[PDB]
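Structure, as structure tokens:
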Amino acid sequence: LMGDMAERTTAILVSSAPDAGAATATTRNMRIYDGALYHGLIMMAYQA
Amino acid sequence: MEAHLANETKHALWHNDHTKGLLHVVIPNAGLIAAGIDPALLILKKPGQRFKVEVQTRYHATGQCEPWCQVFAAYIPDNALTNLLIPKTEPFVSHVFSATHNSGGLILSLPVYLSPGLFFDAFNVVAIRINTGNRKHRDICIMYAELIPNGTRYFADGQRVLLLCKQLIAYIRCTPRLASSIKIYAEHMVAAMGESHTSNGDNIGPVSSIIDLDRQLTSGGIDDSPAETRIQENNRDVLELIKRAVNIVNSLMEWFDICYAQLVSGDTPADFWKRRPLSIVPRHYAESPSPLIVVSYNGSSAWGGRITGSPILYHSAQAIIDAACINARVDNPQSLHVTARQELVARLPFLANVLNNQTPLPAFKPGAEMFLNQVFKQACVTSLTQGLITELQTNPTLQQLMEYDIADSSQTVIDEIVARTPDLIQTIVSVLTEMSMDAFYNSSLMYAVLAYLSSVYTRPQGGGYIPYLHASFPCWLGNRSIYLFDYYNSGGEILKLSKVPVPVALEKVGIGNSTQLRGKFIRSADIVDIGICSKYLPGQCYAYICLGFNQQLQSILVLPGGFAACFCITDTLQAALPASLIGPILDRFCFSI
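Residue numbers (the authors' numbering), protein chains in the order written: chain J, 916 to 963; chain T, 1 to 251, 330 to 671.
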């Protein structure tokens with residue numbers, strides 16, 4: 916396994932848009948700031 | 001399709017001035033997804049904006065420009081292809097035909113040049129004006145090469161009509177109504193199209209007839225050229241002679335139109351041209367996957383029409399240039415022989431204005447307006463900051479001089495801003511290399527500066543400078559009535575806070591001695607989207623900084639704290655920037671009656 920290995924993880928920030936069901940012009944102006952890490956490592960426990 | 005057809009009468013009535021040939025060009029709306037605007041406000045919503053589209057030309061080192069073109073169009077959502085291909089049947093709309101998720105469409109007018117001296121090259125960029133937000137308008141710029149590709153699709157259109165006619169025949173035959181006369185005459189017409197094609201083959205043959213664009217927009221670009229026709233006729237003659245040698249030695331919609339008129343009882347403009355072959359001139363690009371389909375009339379001797387013989391080919395303008403370039407193995411014609419230059423001048427009258435080296439310009443960059451305006455704005459901002467810093471350095475007196483409406487319990491912090499003037503000017507100087515340049519590249523300041531220079535150099539031949547509509551209305555006779563104020567915070571960091579400047583009234587009280595400033599307001603009954611920043615009192619945690627400018631490029635400081643400086647930068651711009659840098663500006667932004 917040691918012959919082939921990766922280098923590191925990269926972080927990419929994405930955005931989100933509301934549904935196009937509303938015809939109001941104000942719906943295309945606002946943008947909620949949210950996102951998630953790319954290939955992140957999160958543990959569901961902790962060490963004392 | 002109705003407004004353009006109505007407006008076609010102006011082009012039809014034209015007899016002279018053949019240098020402007022209007023034609024039907026369809027622009028797909030696939031690129032509207034990246035526009036980021038509301039499609040509802042683009043067709044019919046809250047009338048009063050009066051959105052218009054203008055088409056103008058862009059020359060290179062020759063001068064003059066086209067006097068725009070008053071044209072307009074409207075979009076159509078909800079599967080525009082279905083309602084533009086299938087005839088309109090709104091009273092009896094049902095589940096007719098079958099298609100996938102289509103898109104909208106638009107029609108844009110683009111003049112073309114037709115003459116005995118046709119010629120063709122790629123040196124002109126067509127500028128399109130859109131009445132939308134100047135911030136990221138998402139426009140396009142193409143040369144003349146894509147406008148005239150010298151090609152048409154005449155063979156691929158034959159199979160498209162066959163599928164539609166088969167589908168309509170199947171739909172008519174599927175419903176058992178009317179009488180047997182229609183069925184028998186349809187059967188006779190089908191059998192009349194071939195003896196063994198129907199009796200021994202198939203009548204309709206639905207098999208896998210699906211309405212799709214697979215072989216229609218891929219091949220068929222150059223297929224009906226005179227060389228291709230000659231090759232085809234030679235091949236057919238060869239085949240005929242081969243068949244003759246083998247033999248010698250071995251070892330009509332009149333009834334259909336009447337029935338359609340009786341049944342549908344409705345006409346659409348997209349049906350009269352279906353009886354004649356059409357022309358498709360797609361021009362795609364890697365920016366967006368959407369072909370630029372172009373439809374040309376077949377009943378008129380326009381560009382791409384084939385009704386009397388060979389159409390316009392745009393030839394006899396490339397072989398001579400190629401021969402001249404290959405004669406000395408030099409691509410650049412400037413370093414060619416005198417005979418080659420004389421031949422190029424004689425063959426191309428429009429090319430004689432480049433050899434004489436008139437109206438010098440660095441290289442050939444049609445898109446110079448962007449960075450030209452950027453450089454002009456940078457120079458104006460540097461001159462303004464130099465003037466303000468010099469006046470601050472040479473500012474007499476100290477602290478406040480006039481009254482100023484300041485609360486007794488709030489004056490303890492007003493002097494803090496005034497005492498930090500060196501920090502403020504240092505931050506302003508340093509922010510020139512940190513703040514984004516995409517926020518002040520299309521503001522009202524550059525437009526006002528450009529309109530101010532319109533008074534000087536009113537065309538080399540003259541002109542009254544009388545625009546028709548959609549021009550600089552706030553800047554017509556003077557800038558002392560409408561002001562532009564930018565609000566910035568104090569301290570060691572200055573960043574943009576407001577979005578759109580709001581004019582603020584100002585008047586002087588004292589008619590001499592120590593002048594006093596007291597801003598006022600004017601009641602407006604035409605708009606309600608007005609911010610409350612201008613109406614904010616001077617107190618309530620201090621205020622902002624204002625620097626108004628008149629029509630004479632005179633800046634008056636409105637900084638609170640009894641400090642006011644008046645400096646003029648009208649002569650600094652002329653010294654730093656000569657009169658040779660306004661060439662393209664004068665070429666583009668000029669009009670006369």
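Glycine included, every Cβ here is placed at the ideal spot set by N, Cα and C.
Could you work out which residue in the options is closest to residue i when comparing CA atoms only?
i, options, result
"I27 of chain T", "T:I248, T:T57, T:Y363", "T:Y363"
"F97 of chain T", "T:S115, T:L108, T:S209", "T:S209"
"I248 of chain T", "T:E332, T:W333, T:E240", "T:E240"
"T468 of chain T", "T:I503, T:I148, T:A526", "T:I503"
"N944 of chain J", "T:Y525, T:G36, T:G465, T:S670", "T:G36"
"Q630 of chain T", "T:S532, T:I148, T:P538", "T:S532"
"residue 328 of chain T", "T:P369, T:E332, T:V372", "There are no coordinates for residue 328 of chain T in this structure, because the numbering of chain T runs from 251 directly to 330."
"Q456 of chain T", "T:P347, T:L433, T:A517", "T:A517"
"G626 of chain T", "T:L168, T:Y614, T:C644, T:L615", "T:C644"
"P87 of chain T", "T:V342, T:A99, T:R177, T:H15", "T:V342"
"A642 of chain T", "T:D649, T:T650, T:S633", "T:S633"
"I605 of chain T", "T:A6, T:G21, T:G48", "T:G48"
"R50 of chain T", "T:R601, T:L32, T:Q70", "T:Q70"
"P581 of chain T", "T:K574, T:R407, T:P552", "T:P552"
"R596 of chain T", "T:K586, T:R419, T:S602", "T:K586"
"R425 of chain T", "T:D224, T:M448, T:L118", "T:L118"
"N16 of chain T", "T:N79, T:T499, T:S115", "T:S115"
"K577 of chain T", "T:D501, T:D564, T:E571, T:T62", "T:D564"
"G344 of chain T", "T:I608, T:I600, T:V93", "T:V93"
"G590 of chain T", "T:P545, T:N520, T:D665, T:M480", "T:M480"
"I140 of chain T", "T:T463, T:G31, T:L356", "T:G31"
"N203 of chain T", "T:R419, T:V190, T:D212, T:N83", "T:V190"
"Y144 of chain T", "T:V125, T:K136, T:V161", "T:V125"
"residue 263 of chain T", "T:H60, T:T152, T:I184, T:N7", "Missing here is residue 263 of chain T: after 251, the next number in chain T is 330."
"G570 of chain T", "T:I506, T:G194, T:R666, T:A99", "T:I506"
"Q618 of chain T", "T:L168, T:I492, T:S103", "T:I492"
"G383 of chain T", "T:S368, T:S357, T:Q396, T:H393", "T:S357"
Along chain J, which residues have their Cβ under 9 Å away from the Cβ of residue i?
i, result
"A30 of chain T", "Residues of chain J passing the Cβ test: none, with the nearest at roughly 16 Å."
Taking the beta strand (DSSP E) that residue i belongs to, which residues open and close that run?
i, result
"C668 of chain T", "First-last for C668 of chain T: undefined, no H or E at that position."
"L625 of chain T", "625-627"
"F645 of chain T", "644-646"
"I608 of chain T", "No beta strand (DSSP E) contains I608 of chain T, which DSSP labels as neither H nor E."
"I492 of chain T", "Run containing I492 of chain T: none in the beta strand (DSSP E); it sits in the alpha helix (DSSP H), 492-497."
"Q632 of chain T", "632-635"
Run down chain T in chain order and give the residues with a C-beta less than 8 Å from the C-beta of residue i.
i, result
"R943 of chain J", "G36, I37, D38"
Against residue i, what residues of chain J qualify as contacts under a CB-to-CB distance less than 8 Å, listed in chain order?
i, result
"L41 of chain T", "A940"
DSSP has residue i in a bridge; who is on the other side?
i, result
"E54 of chain T", "T:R129"
"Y566 of chain T", "T:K574"
"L108 of chain T", "T:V25"
"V587 of chain T", "T:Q594"
"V372 of chain T", "T:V25"
"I358 of chain T", "T:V373"
"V71 of chain T", "T:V53"
Over the uninterrupted alpha helix (DSSP H) stretch that includes residue i, give me the two end residues.
i, result
"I169 of chain T", "156-174"
"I242 of chain T", "226-248"
"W351 of chain T", "That residue, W351 of chain T, is in no alpha helix (DSSP H); it is neither H nor E in DSSP."
"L5 of chain T", "2-13"
"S251 of chain T", "No alpha helix (DSSP H) holds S251 of chain T; DSSP gives it neither H nor E."
"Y185 of chain T", "180-191"
"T218 of chain T", "No alpha helix (DSSP H) contains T218 of chain T, which DSSP labels as neither H nor E."
"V432 of chain T", "430-433"
"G465 of chain T", "447-471"
"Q420 of chain T", "416-425"
"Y144 of chain T", "144-147"
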